[PDB]
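**Student:** Sharing a structure, written as structure tokens. Questions coming.
Only the coordinates and a few stated rules stand behind these numbers; no lab work does. Reconstructed Cβ throughout: ideal geometry from the backbone, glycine too, with neighbour counts over all protein chains shown.
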Amino acid sequence: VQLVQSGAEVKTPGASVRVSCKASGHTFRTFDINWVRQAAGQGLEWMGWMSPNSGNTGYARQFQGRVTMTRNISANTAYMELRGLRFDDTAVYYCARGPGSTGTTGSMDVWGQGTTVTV
Amino acid sequence: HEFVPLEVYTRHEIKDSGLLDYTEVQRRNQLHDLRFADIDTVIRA
Amino acid sequence: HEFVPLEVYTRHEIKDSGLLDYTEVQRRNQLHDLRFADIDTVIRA
Amino acid sequence: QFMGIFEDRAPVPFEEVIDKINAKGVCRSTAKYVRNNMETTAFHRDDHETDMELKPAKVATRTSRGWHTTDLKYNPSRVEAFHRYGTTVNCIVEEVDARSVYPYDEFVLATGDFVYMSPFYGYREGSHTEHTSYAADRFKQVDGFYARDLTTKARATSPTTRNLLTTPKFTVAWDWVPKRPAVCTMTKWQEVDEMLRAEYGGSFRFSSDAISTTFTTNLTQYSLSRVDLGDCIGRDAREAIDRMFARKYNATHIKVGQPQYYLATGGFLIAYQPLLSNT
Amino acid sequence: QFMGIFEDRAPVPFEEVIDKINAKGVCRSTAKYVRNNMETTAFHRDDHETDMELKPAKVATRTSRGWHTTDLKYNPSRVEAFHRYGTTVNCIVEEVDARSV
Amino acid sequence: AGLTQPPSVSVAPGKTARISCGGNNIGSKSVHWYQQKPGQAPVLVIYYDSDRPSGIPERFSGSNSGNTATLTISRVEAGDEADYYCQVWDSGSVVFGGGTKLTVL
Amino acid sequence: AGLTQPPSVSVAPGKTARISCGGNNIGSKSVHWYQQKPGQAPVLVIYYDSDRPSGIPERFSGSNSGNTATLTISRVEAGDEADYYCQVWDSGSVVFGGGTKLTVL
């Protein structure tokens, strides 16, 4: 499977950003989608996971109430949407196939190219 | 002369000659929970 | 002319056509205690 | 004296099959499962939950590999003139051979148990139209599954699509494969270098001197699309015909057109490749 | 935790097959039969005797018709630190194919 | 719910590099080690504490016991200079290690 | 342990006739309705509360609920003048109804 994300986004503080991740090669319902962001020169910061088969999601404690994770099965796509942006949200966001419904011990074996979001 | 396929008993006749079939009996018996029972429901009071 | 032995299905093919074999299922099922259990050991407190 | 021995088989949950058995190679010592419409949990040795290694089972002749955590049954310590209950939980993993028959809407395991789900049921490329007799939450198709050998402890590098089904009594897992290139309603029986085809009485006679067999077919061909699940006939016919032509008639004959397919009395499918000499 | 599940198949008497099942289409909620040389009686849900309608069973492929009265097993209500017993009586009628040689 | 990693590890090209990842009872979790070159998505180099994905050289190895997981890079090449992360799943979230920047001298 | 019936019922030839049979918990019993014309043995016209024997016309109908069983005759012809009895089995003995004489006017 291959994960292809949308383009870079330039926004203003307090706005909302929807990042798209399209899976190609598989039905995309057979694994989970983990969204993880990395700031400029900082370490990896996990954001959440989503089960495209059922729509079940699980977010980080620090991202609860600001992240909405949804899907479009027909177009084989997963969307992560951030609300209430601030200055430290300028980061590269990656969608991966990782833990979640399919098993909490899974690995983030396949990654997306990542989208750069600047506020 | 044309020879047609002729046989006294077919494979199906030999299989049906048996009084009990293990596979069919097991298949019928193991649907008992799927037929006369509610497997998925969990009752907690 | 030499007529070679020819048959559509062998005895093994016909016996393997069955989905479940009682003898093999019983042989595997009755080794459960010998495989996954210690029959000989006796524990007395 | 034993007043009773309640023996049950409980399924291993998905989160224990993937996260415990496949990841760490261990199994939980507590069995939590639904039985008789009630959530029941049994603690091994009436102790706290613990992860136990899955060690190989005792070797038996003509048996598949198996793993288990416990080898002795726990019985209560003696207390004079009381009924005492003792719980034992033995986590058992068994590689088995599963068999299915047409129309491949269900399969059986080597233990004599039935699974009322098509072996090709899944989530991709029309696998969701296959037969399933269970709830949607009893089945899980994990993709990017890295199987872990329980003896050599060597993870497989190639990911596989693994179906997991939690029946009330056990949990079966098997690698998903597409139905069309896996099953077939016809099997190759004979490969004949020389079947002379003769046209007479508005019929074709295919005579083979090697096996001493004459087949009678109608003049018209048999449509391969009319065969149910008949994707193997074409491939096997082309492969065998190419091999035999290369073996025997490469230097003397040439093929005349694409292989044709005929139906012969008694129900025999003949894939025929006519050949013409260099003359 | 289940400490034991005694499952048995009791016969439906003649006076219940004709008077209840064939006549009214219902089945008694009590199973009174002879097992191990003893008159044993079971009450569904440990309740009073009642007539329960025989409704069709769930459809399974390549299976004959069947009817049953109860669908859920009865398990005892939770009382802390006590072994408790619960009875379930499910009256089952199955059309079957019989073979003789 | 946190993993402790050394900020930086410096190892000569001929020698071997050890990267540690500390946590409370991390021996009961599957530690996955990811490698990240600058301007690239992380690439999985170790998974399930001991295993190497396809195409990963034999030099990488992993261990996980007690309260410590360790990634060992034998014969550290000049191209092994990257940021390495240890990931486990704690409670209902995957915690990521702070990241170790391996410097090849 | 008794069943009560109206002594007589009079209905017009065009209309429908309704005959009631009372009893305590009659819905737990299988009421059989017998028709008896003078100088003849009774003929069974309804059995098991909702069924007609072979040869009985579709006009007849039966119902049983609570403390009342009911026999309904639709398009009551002149040949339906007879006595109608409701029979059950009550504690080791069958109980017959008092008898209802249906008369067409």
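**Student:** Place a +1 charge on the Cβ of each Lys and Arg in the protein assembly as shown and a -1 charge on the Cβ of each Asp and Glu, then give the dipole magnitude about the Cα centre in debye, rounded to the nearest 20.
**Tutor:** In debye, rounded to 20, the protein assembly as shown gives about 1680.
**Student:** Between region E:29-101 and region A:47-79, how far is it from one alpha carbon centroid to the other, in angstrom?
**Tutor:** Region E:29-101 and region A:47-79 have Cα centres separated by 45 Å.
**Student:** Cut-off 17 Å, label point 7 angstrom out along Cα-to-Cβ of D:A81: give me the residues of region D:1-45 whose amide nitrogen falls inside.
**Tutor:** The answer is D:1, whose backbone nitrogens lie closer than 17 Å to the label point.
**Student:** Same structure, new question: Be a star and scan region D:22-53 for residues whose amide nitrogen sits under 15 Å from the point 7 Å along the Cα-to-Cβ vector of D:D137.
**Tutor:** Answer for region D:22-53: D:33-35, D:37-40.
**Student:** Can you give the mean number of other chain Cβ atoms that lie within 10 Å of the Cβ atoms in peptide D:93-99?
**Tutor:** That works out to 2 on average.
**Student:** Go from 0 up to the bin containing the longest alpha carbon distance in region F:33-93, width 10 Å each, and give me the % of pairs per bin.
**Tutor:** In order of increasing distance, the bins hold 20, 54, 23, 3 percent.
**Student:** With +1 on each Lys and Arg Cβ and -1 on each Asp and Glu Cβ, and nothing else charged, work out how big the dipole of chain B is about its Cα centre, in Debye to the nearest 20.
**Tutor:** About 280 debye.
**Student:** Can you pull out the chymotrypsin sites (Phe, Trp or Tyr not before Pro) in region D:160-234 whose DSSP state is coil and whose Cβ has at most 13 other Cβ atoms within 10 Å?
**Tutor:** D:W189
**Student:** List the pair-distance distribution P(r) of region D:58-122, using every Cα-Cα distance, as the percent of pairs falling in each 5 Å bin from 0 up to the bin containing the longest distance, rounded to whole percents.
**Tutor:** Result returned by the calculation: 4, 13, 15, 14, 12, 12, 10, 8, 6, 3, 2, 1.
**Student:** Ranking F:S63, D:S64 by Cβ neighbours within 10 Å, fewest first, what do you get?
**Tutor:** D:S64, F:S63
**Student:** Given the protein assembly as shown, report the % of alpha carbon pairs whose separation exceeds 39 Å. Walk me through the numbers before you get to the answer.
**Tutor:** Values: 195003 of 318801 pairs.
Beyond 39 Å sits 61 percent of the P(r) for the protein assembly as shown.
**Student:** Another question about this same structure. May I ask for the equivalent-ellipsoid semi-axes of region D:112-222, computed as the square root of five times each C-alpha gyration tensor eigenvalue and listed largest first in whole Å? Each step should come with its number before you reach the end.
**Tutor:** Details: eigenvalues 432, 73, 36 Å².
With the √(5λ) rule applied to region D:112-222, the semi-axes are 46, 19, 13 Å.
**Student:** From a point 7 Å beyond the Cα of E:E15 in the direction of its Cβ, which residues of region G:86-103 have a backbone N at a distance under 18 Å?
**Tutor:** Residues G:88-95 qualify, since their backbone N sits under 18 Å from the label point.
**Student:** How far, in nm, would the chain grow between D:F6 and D:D71 when pulled straight, counting 0.36 nm per residue and subtracting the alpha carbon separation?
**Tutor:** Fully extending the segment from D:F6 to D:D71 adds 21.6 nm.
**Student:** On to the next question. Provide a whole-number value for the mean count of partner chain Cβ atoms within 10 Å of the Cβ atoms in peptide E:67-74.
**Tutor:** Across the residues of E:67-74, the mean count of other-chain Cβ atoms within 10 Å is 4.
**Student:** Now, a different point. Highest mean first, what order results for A:97-105, C:3-11, G:64-72, F:73-81 on Cβ atoms within 10 Å?
**Tutor:** A:97-105, G:64-72, F:73-81, C:3-11
**Student:** By per-residue mean of other Cβ atoms within 10 Å, what is the highest-first order of E:84-90, E:5-11?
**Tutor:** Averaged packing, sorted descending, gives the order E:84-90, E:5-11.
**Student:** Tell me the distances, shortest first, between F:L105 and the same position across the other copies, using label points 7 Å along Cα→Cβ, in nm to one decimal.
**Tutor:** Nearest first, the other copies' label points are 12.4 nm away.
**Student:** Counting only other chains, and only Cβ atoms inside 10 Å, what mean value do you get across the residues of D:140-151?
**Tutor:** Across the residues of D:140-151, the mean count of other-chain Cβ atoms within 10 Å is 5.
**Student:** Viscosity 1.567 mPa s, temperature 4 °C: give me the Stokes-Einstein translational D for region D:1-80 in µm²/s, with Rh taken as the Kirkwood radius over C-alpha pairs. Could the numbers behind the result be given before it?
**Tutor:** Working: Rh = 14.9 Å.
After rounding, the answer is 87 µm²/s.
**Student:** Still on this structure, I have one more. What is the spin-label model distance, in nm, from C:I43 to E:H48 if the labels are put 7 Å beyond Cα along the C-beta direction?
**Tutor:** Spacing of the two 7 Å Cα→Cβ label points: 5.0 nm.
**Student:** Find which of D:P159, D:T187, D:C232 sits farthest along the positive direction of the dipole of region D:131-242, computed with +1 on the beta-carbon of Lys and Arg, -1 on that of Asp and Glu, about the Cα centre.
**Tutor:** Selected residue: D:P159.
**Student:** Based on the alpha-carbon gyration tensor of chain G, what equivalent-ellipsoid semi-axes (square roots of 5 times the eigenvalues) come out, in whole Å, largest first?
**Tutor:** On the way: eigenvalues 93, 37, 36 Å².
For chain G, the ellipsoid semi-axes come out as 22, 14, 13 Å.
**Student:** Could you tell me which residue out of G:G22, E:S100, E:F14 lies farthest along the dipole of the protein assembly as shown toward its positive end? Charges go on the beta carbon: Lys and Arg +1, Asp and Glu -1, centred on the Cα centre.
**Tutor:** G:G22
**Student:** Right, something else. Report the Stokes-Einstein translational diffusion coefficient (µm² s⁻¹, integer) for chain D, Rh taken as the Kirkwood radius over Cα pairs, at 25 °C with viscosity 0.890 mPa s. Don't skip to the end; give the middle numbers.
**Tutor:** Numbers: Rh = 23.8 Å.
So the translational diffusion coefficient is about 103 µm²/s.
**Student:** Also: Determine the dipole magnitude for chain A: charges of +1 sit on the beta-carbon of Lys and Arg, -1 on that of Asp and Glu, nothing else is charged, the reference point is the Cα centre, and the result goes in debye to the nearest 20.
**Tutor:** 240 debye
**Student:** Can I ask one more? For region G:1-40 and region D:164-178, what is the separation of their C-alpha centers, rounded to whole Å?
**Tutor:** Each part reduced to its Cα centre gives a spacing of 62 Å.
**Student:** Shifting gears a bit: Using only alpha carbons, build the gyration tensor for region A:59-106 and give me the equivalent ellipsoid semi-axes, biggest first, whole Å.
**Tutor:** Square roots of five times the eigenvalues give 21, 15, 11 Å.
**Student:** Ranked by Cβ crowding within 10 angstrom, fewest neighbours first, how are G:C21, D:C184 ordered?
**Tutor:** D:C184, G:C21
**Student:** Separate question: Can you order the peptides D:270-276, D:27-33, A:61-67 by their average number of other Cβ atoms within 10 Å per residue, highest first?
**Tutor:** So the peptides D:270-276, D:27-33, A:61-67, ranked by packing, come out D:27-33, D:270-276, A:61-67.
**Student:** For A:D88 paired with F:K37, estimate the spin-label separation in nm (one decimal), with each label point 7 Å from Cα along the Cα-to-Cβ line.
**Tutor:** Going from the A:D88 label point to the F:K37 one covers 3.1 nm.
**Student:** Taking region D:1-146, how much of its Cα-Cα pair set, in percent, is spaced more than 27 angstrom apart?
**Tutor:** Every Cα pair in region D:1-146 considered, those over 27 Å come to 37 percent.
**Student:** State which entries of D:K32/E:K58; D:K58/D:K179; G:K15/G:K101; D:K169/E:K32 exceed 24 angstrom in Cα-Cα distance in the structure shown.
**Tutor:** Violating the 24 Å Cα-Cα cut-off are D:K32/E:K58; D:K58/D:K179; D:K169/E:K32.
**Student:** For the protein assembly as shown, with the dipole built from +1 on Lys and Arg beta-carbon atoms and -1 on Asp and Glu ones, taken about the Cα centre, which of D:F268, A:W49, A:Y94 lies farthest toward the positive end?
**Tutor:** Farthest along the dipole direction, towards plus: A:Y94.
**Student:** Quick one: check the C-alpha center-to-center distance for region B:16-30 versus region D:108-144, whole angstrom.
**Tutor:** Cα centroid to Cα centroid, the span is 23 Å.
**Student:** OK, next. When the scattering of chain B is computed by the Debye formula from its Cα atoms alone, each counted once and equally, what is log10 I(q)/I(0) at q = 0.22, 0.23, 0.25 Å⁻¹?
**Tutor:** At q = 0.22, 0.23, 0.25 Å⁻¹ the computed log10 ratios are -0.86, -0.89, -0.94.
**Student:** Using every alpha carbon pair in region D:142-207, what percent of pairs falls into each 10 Å bin from 0 up to the bin containing the largest distance?
**Tutor:** 15, 23, 21, 14, 11, 15, 3
**Student:** What fraction of the Cα pairs in region D:89-131, stated in percent, has a spacing above 15 angstrom?
**Tutor:** The calculated P(r) of region D:89-131 puts 50 percent of pairs beyond 15 Å.
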